[PDB]
Structures are given as structure tokens and as C-alpha cells.
Undergrad: 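Below is one structure. I have some questions about it.
A, B, ... follow the sequence lines: proteins, then strands. Residue 1 opens every chain. Atom set for the values below is all heavy atoms of this structure, side chains included, hydrogens, waters and symmetry mates excluded.
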Amino acid sequence: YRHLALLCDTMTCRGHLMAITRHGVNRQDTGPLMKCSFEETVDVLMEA
DNA sequence: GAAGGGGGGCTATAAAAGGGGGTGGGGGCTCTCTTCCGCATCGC
């Protein structure tokens, strides 16, 4: 359960349903370098 | 009328002369998020 509970917590820790796509994982306030390694490498870095 | 023959032009070589023309080189598939438009609603 702890593995399942951890995934659900990360998807709801910010008070809204956060998808595990780029639209939810890159929107969270992480560093641009982490975001660029996931998806949208240049668009993420251009915005930063 | 086919085929061989004869005569003559073409080829290159130099050189001069002067001008026209030829040649080459410049120039005028699916899912998700964002944006725009029409509508009905109130407000003044």
C-alpha cells in the first residue's frame, strides 16, 4: 500500500489533481533542469 | 546506277593588320491546452 499511497499523495499534494504527464509534472514548482530532463527540454529552458 | 578514281579543300605553322562575333562573367496518430467568436445576460 505504501507505494500506492505515495503515488496518490504526490498527485494530490498541491490541492489539485496533478497528472503524471508534462502538463502536471512540469507545472509544479521544480527546477527547470529537472523539468527539461522529463519532457519539453527546450520550451522548459526557454521559459526559464 | 554502284563503285573506284581524280581533283581539291581541311588540317597546322608562324605573323601582321582591324573589326565583328562568340564566350564568359555581373546585375535589375492521439490527447491536451490555449485562443477566438457567438450568444444571452444584465446593467446604465
Side-chain angles (χ1 to χ4, degrees):
Chain A
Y1 161 86
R2 68 194 63 262
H3 305 295
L4 175 52
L6 195 61
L7 173 62
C8 295
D9 275 318
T10 61
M11 292 170 76
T12 66
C13 189
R14 292 294 96 201
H16 54 73
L17 275 165
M18 188 208 79
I20 306 301
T21 76
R22 61 199 177 75
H23 307 287
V25 172
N26 285 11
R27 294 300 96 73
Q28 57 178 354
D29 52 356
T30 55
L33 288 173
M34 182 181 285
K35 285 181 212 208
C36 83
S37 63
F38 172 34
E39 287 185 352
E40 296 170 347
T41 309
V42 180
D43 287 12
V44 160
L45 293 173
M46 296 314 292
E47 291 177 307

Undergrad: Going only by the six-membered rings, do B:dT13 and B:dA14 fall inside 5.5 Å on centre distance and below 30 degrees on plane angle?
TA: yes

Undergrad: So, for A:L45 and A:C36, which heavy atoms are closest and what is the spacing to 0.1 Å?
TA: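 Answer, listing the atom of A:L45 first, then A:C36: CG-CB, 3.8 Å.
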
Undergrad: My understanding is that a hydrophobic cluster links ILVMFWY residues whose side chain heavy atoms are under 4.5 Å apart, including indirect links. Using that, what else belongs to the cluster containing A:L6?
TA: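 Hydrophobic cluster check, A:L6: no partners found.
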
Undergrad: If you walk 5' to 3' along DNA chain B, what is the first nucleotide with an atom under 4.0 Å of a heavy atom in chain A, and what is the last?
TA: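 Footprint of chain A along DNA chain B, 5' to 3': B:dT32 to B:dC33.
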
Undergrad: In chain order, what residues pass the salt bridge (charged side-chain N to carboxylate O under 4.0 Å, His left out) check against A:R14, with sequence neighbours excluded?
TA: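 If we apply the salt bridge (charged side-chain N to carboxylate O under 4.0 Å, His left out) test to A:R14, skipping adjacent residues, there are no hits.
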
Undergrad: Considering only residues two or more places apart or on different chains, which pairs with a residue in residues 28-37 of chain A satisfy side-chain hydrogen bond (donor to acceptor under 3.5 Å, both in side chains)?
TA: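 Non-adjacent pairs meeting side-chain hydrogen bond (donor to acceptor under 3.5 Å, both in side chains): zero.
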
Undergrad: Holding to side chain to side chain contact (heavy atoms under 4.5 Å, CB included), I want the full list of residues that pass it with A:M11, two or more places apart in sequence or in another chain.
TA: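 Side chain to side chain contact (heavy atoms under 4.5 Å, CB included) list for A:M11, sorted by chain: A:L7, A:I20.
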
Undergrad: Scan for salt bridge (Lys or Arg N to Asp or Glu O under 4.0 Å) pairs involving residues 39-48 of chain A, sequence neighbours excluded, and state none if there are none.
TA: A:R22-A:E40, A:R27-A:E40

Undergrad: Are A:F38 and A:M18 in one and the same hydrophobic cluster, where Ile, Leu, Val, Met, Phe, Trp and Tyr link if side-chain heavy atoms are under 4.5 Å apart?
TA: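 Yes, because A:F38 and A:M18 connect within a single hydrophobic cluster, where side-chain heavy atoms sit under 4.5 Å apart.
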
Undergrad: Give the other cluster members for A:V44, using side-chain heavy-atom distances under 4.5 Å between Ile, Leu, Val, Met, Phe, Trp and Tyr residues; answer none if it is isolated.
TA: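 A:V44 clusters with nothing; isolated.
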
Undergrad: If I read the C1'-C2'-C3'-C4' torsion for B:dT30, does it come out on the north side (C3'-endo) or the south side (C2'-endo)?
TA: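 South is the answer for B:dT30, its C1'-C2'-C3'-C4' torsion being negative.
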
Undergrad: Expected output check: what is the dot-bracket annotation of DNA chain B, where ( ) and [ ] are pairs inside the strand (brackets for crossing ones), | is paired with another strand, and pairs are Watson-Crick or G-U under 3.5 Å?
TA: ............................................

